[PDB]
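The structure appears below as structure tokens.
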Amino acid sequence: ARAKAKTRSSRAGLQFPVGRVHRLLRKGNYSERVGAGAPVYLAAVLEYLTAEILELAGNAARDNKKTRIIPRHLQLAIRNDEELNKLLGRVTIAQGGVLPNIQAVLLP
Amino acid sequence: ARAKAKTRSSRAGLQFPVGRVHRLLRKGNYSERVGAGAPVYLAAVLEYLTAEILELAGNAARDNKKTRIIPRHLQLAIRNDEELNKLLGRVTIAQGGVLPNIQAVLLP
Amino acid sequence: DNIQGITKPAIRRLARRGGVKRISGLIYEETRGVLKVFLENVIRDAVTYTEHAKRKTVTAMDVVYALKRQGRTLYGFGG
Amino acid sequence: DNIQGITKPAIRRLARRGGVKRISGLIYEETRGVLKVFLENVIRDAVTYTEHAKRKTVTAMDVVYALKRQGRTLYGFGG
Amino acid sequence: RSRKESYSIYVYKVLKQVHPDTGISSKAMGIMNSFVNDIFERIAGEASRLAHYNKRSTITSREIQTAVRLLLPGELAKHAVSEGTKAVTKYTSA
Amino acid sequence: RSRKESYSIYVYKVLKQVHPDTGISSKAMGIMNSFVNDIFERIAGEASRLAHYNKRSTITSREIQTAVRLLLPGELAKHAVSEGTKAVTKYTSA
Amino acid sequence: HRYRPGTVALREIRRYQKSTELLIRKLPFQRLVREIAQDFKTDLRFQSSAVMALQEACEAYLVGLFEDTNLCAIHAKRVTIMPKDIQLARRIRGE
Amino acid sequence: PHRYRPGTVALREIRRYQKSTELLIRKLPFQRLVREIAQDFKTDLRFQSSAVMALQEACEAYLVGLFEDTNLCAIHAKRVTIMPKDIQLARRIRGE
DNA sequence: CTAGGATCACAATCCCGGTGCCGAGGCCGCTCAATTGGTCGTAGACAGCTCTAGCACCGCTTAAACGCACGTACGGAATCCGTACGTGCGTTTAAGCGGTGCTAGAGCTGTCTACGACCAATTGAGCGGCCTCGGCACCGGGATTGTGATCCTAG
DNA sequence: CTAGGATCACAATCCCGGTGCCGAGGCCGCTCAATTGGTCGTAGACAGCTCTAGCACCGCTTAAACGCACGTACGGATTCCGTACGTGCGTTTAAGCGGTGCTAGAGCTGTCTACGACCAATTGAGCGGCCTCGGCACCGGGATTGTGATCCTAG
């Protein structure tokens, strides 16, 4: 009898699907061959980024006394961080609105 | 004895290399399969665009009493045609310079 | 004249989200023109995508793609 | 002190190609800063490409690629 | 009918790791799916370009690392690379 | 000795067709090579995306045509499509 | 009681900058979209989510433009946006 | 003797430099700057001559474009003198 | 009698407790895509070698940068006018919502065939290398354009 | 006596002619990459069916748009000042060019091994469907923040 199936995600201690990432790379017309480490690395990077943005959005929600993340919270989190703003510069978050910003010259 | 080799450019009445375009498409990680007509179409389009640019540059050279096309002539040809300028909007032509343009408000 | 459906108060609301305090009377027509140009461009690319798929219904994915290729990536509608 | 090598008359020449007639005295430092930022960005990406190839010499193709990925495609140096 | 794959399950796992008592709306889940797909494409495409430039046929962890350095700004890259490296190490030791 | 392929011969042929008495400098030839490579990779990339969106594995003349319509502005696309169509027709009749 | 010019304008700025709802009426926008699309292909249908996506993109674009128009006005020592500010913004943006 | 009014020589220079295509930054100082900047990323870095030329071409194109947008901003504020606040505005609107 | 601050009116916003609804999160069945184990071929890592071009230095010429003097025109502040955008009340209109009905076409499935990949052979087109000559850059002189200002003129 | 056009002195730029040099265009050898001929198989074209989701219409109910009016404050024109930037000249400096010498490292070739593709069997992870219930949006009504002006006083 063979060994119990152990997912590549679990071997790497990741939540993101390594097998799926591998398939998407192989079938995405990117290269002829795909190394064994490429899906692991990519999955880890995508998991880190989503953890970061979820953490910041949850913080914004908590600051707004809310328990569910909505697009507004995602926009607040993204626009208030210089690095995430620079990464997501040309991205429009649906139902995100804008940051409260009034020019100092307009105040009474 | 087989038949004399006839290039796919000559069969299509093209100056651009259909065979080369086909090879570049197959080995460029674009798709799994490449149709027989794709290289012909692409080559024809490339040829047309090249002809257009070269014609406009030669005209600029002839207007400047010159026999050889230089980067300057190419820049002039591209920036003086709205459509070619739009296509090559975010492109910098080395040693091309700029179009003579002085704001009307600055004139004596 | 469906362009007139973009009313004076809609444009004022859009300006107020943009932080504009005072608005000239000539802004409304300019804005209408700008919007028309933008829309034409996006719709023309979305329809091109639709026609390539041999479909008769513009899908949200056609729009998303059109925006993407124009450098105006939209998040929330499947990509 | 090599940023100072971009002298006042060089900046004036660049402005004159840009069609500028009158130049404030404070423009030179601003321009130097802008150029520094731009250069840093491009060189950073070119060096990244160089390091990936395990090379010790920055090639013109590294620069071309760096410019390309920043939306400043350069024609005339092999791509 | 039929399957449309998405990253919902994995987004929800990560959210439960970082905020156990915080949920997420369907519209935010759609935003997070679009985000993950977009970043995936950006990284894979730059790894592909890197590979092609150097006349290589295999996308390895090195290509991914370089792409991450090129795409992610500042400290994001620093931490992302660290995360990726740790994962690879753990994976290589099973 | 390392051979580097380029479009020089074909750019010169076309020039000689449109301007028999006009030559071209090496720097202009480099500009025209860069141009041809750039437009090639724009068109091919768009055709690839189109194919992928529709879950197709083959790039055909239809994909190229659509990619031309999407990329080339205004009348450029009208004439380019015509040129491409003529070539395919001529090619199909050998 | 009559509020001085500007008070209500700032109150509206705060209100709309705090909210996220779409500000253009749906039915007129849909009509505009369909009218524009008519010139490209006849008898076109539209998914509800296609129209919503278009509206979202258009609104975002216009808000961004108004922001850049406002910066231009402030730089010309004005507080009123004018067509010349939109034109300048667009020119500099590359549009 | 003869003195040209302010503006005459400035317009003559505009015409001359807009008609010519030569590089306007001295090569040796630019090279030094490039090497100084690259030094912070990796040591003992060599540079192809065509790498430096490419950098100089890109930088000069970028700066010319920026000066053009700075000039438009100045003209819109009813000035003829470009000032740091014009460069800043241009860059902000450009997204830089 | 005036300027400034104190005080007042009261409109808009925020906060709180109560209602209730419909979307998010969890559970169950299934199915297909990920895993395991083994085979095989070739892509790239590593070693070694060559030869090119990038770096360092020196001398000489001269073009460009620099510093200073002078003047003028342009940015900026101040004042006044007036019009035209803002705030608000009243009337109108059509957006929004809920419901009903029809049908077009998007999505899926089954079958088949033809179009593209792969292989072997072969051959000619294109690339490196060498070579010559004429097109353009430069220098010199001259004709012309243009700026700045002194002069004569009609009024 | 002026504003205006005419005339002038002068520097800068365009134009014509001669010289020369080095880059461009052509010829040659060969080699490798493109063409010819054939086979195999699976991807896409075409036909048929389903049902979903788009389109069209109708009736109330307000919410929002349109219109008009009174007025203040913001845009814009005009004037004056002073200083900061343009223009020009003499001095200094270091850029540009040529020539030499050297060696690090880029680029290529050959071997071989480890690693990634591929296939068959297995199965458990992930997707569709159903359901429940609690987080949220909404409402009424008080407490609070804020704008505007009326009142009071020392000055």
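Quick note on labels: first sequence line is chain A, next is B, and so on, each numbered from 1. Side chains included, hydrogens not; waters and symmetry mates left out as well; all remaining heavy atoms used.
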Please tell me if [X] has a side-chain N or O lying less than 4.0 Å from either OP1 or OP2 of [N].
{"X": "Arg33(B)", "N": "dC118(I)", "result": "no"}
{"X": "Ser26(F)", "N": "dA24(J)", "result": "yes"}
{"X": "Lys66(A)", "N": "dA137(J)", "result": "yes"}
{"X": "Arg45(G)", "N": "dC55(J)", "result": "no"}
{"X": "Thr80(G)", "N": "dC74(J)", "result": "no"}
{"X": "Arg23(B)", "N": "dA34(J)", "result": "yes"}
{"X": "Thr58(F)", "N": "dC115(I)", "result": "no"}
{"X": "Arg3(E)", "N": "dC30(I)", "result": "no"}
{"X": "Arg68(B)", "N": "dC136(I)", "result": "no"}
{"X": "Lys18(G)", "N": "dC14(I)", "result": "yes"}
{"X": "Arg12(D)", "N": "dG86(J)", "result": "yes"}

Under 4.0 Å, counting only non-hydrogen atoms across every strand here, what does [X] touch: a base, just sugar-phosphate, or nothing?
{"X": "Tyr7(F)", "value": "nothing"}
{"X": "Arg25(G)", "value": "sugar-phosphate"}
{"X": "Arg1(F)", "value": "sugar-phosphate"}

* Asked: Do we get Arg55(C) above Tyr49(C)'s six-membered ring, with its NZ or CZ under 6.0 Å from the centre and within 45° of the axis?
  -> no
* **Row check, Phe29(G) ring normal vs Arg34(G) NZ/CZ: under 6.0 Å, within 45°** => no
* Asked: Parallel, tilted or perpendicular: which fits the ring planes of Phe16(A) and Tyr7(E), with parallel below 30° and perpendicular above 60°?
  -> parallel
* To do: On the 0 to 90° scale, with breaks at 30° and 60°, tag the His76(H)-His75(G) ring pair as parallel, tilted or perpendicular.
  => parallel
* For atom OH of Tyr17(H) and atom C1' of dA64(I), their distance in whole Å -> 10 Å
* **Rounded distance (Å) that lies between atom P of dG25(J) and atom CD1 of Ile24(F)** => 8 Å
* **Test log, rule side chain to side chain donor-acceptor pair (under 3.5 Å), inputs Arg62(A) and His19(E)** => CA-CA 10 Å; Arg62(A) 155 145 75 63; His19(E) 278 291; 5.5 Å; no
* Asked: Is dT147(J) paired to anything, Watson-Crick or G-U wobble with both distances less than 3.5 Å, and if yes, which nucleotide?
  -> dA9(I)
* Using purine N1 to pyrimidine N3 plus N6-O4 or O6-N4 for Watson-Crick, or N1-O2 and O6-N3 for G-U wobble, each under 3.5 Å, what pairs with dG20(J)? -> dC136(I)
Looking at the side chain of [X], which of [options] is the nearest nucleotide?
{"X": "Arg56(E)", "options": "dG44(I), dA33(J), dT36(J)", "value": "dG44(I)"}
{"X": "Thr7(G)", "options": "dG76(J), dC74(J), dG148(J)", "value": "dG148(J)"}
{"X": "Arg12(H)", "options": "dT13(J), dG26(I), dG96(J)", "value": "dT13(J)"}

* Polar side-chain contact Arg8(A)-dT35(I) base: donor and acceptor under 3.5 Å -> no
* To do: Could you pick out which residue, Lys16(F) or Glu5(F), lies toward the 5' side of DNA chain J when each is mapped onto its nearest nucleotide?
  => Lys16(F)
* Earlier contact from the 5' end, DNA chain J, for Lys84(G) and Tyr28(D) -> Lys84(G)
* From the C1'-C2'-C3'-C4' angle alone, say whether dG140(J) leans north (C3'-endo side) or south (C2'-endo side). => south
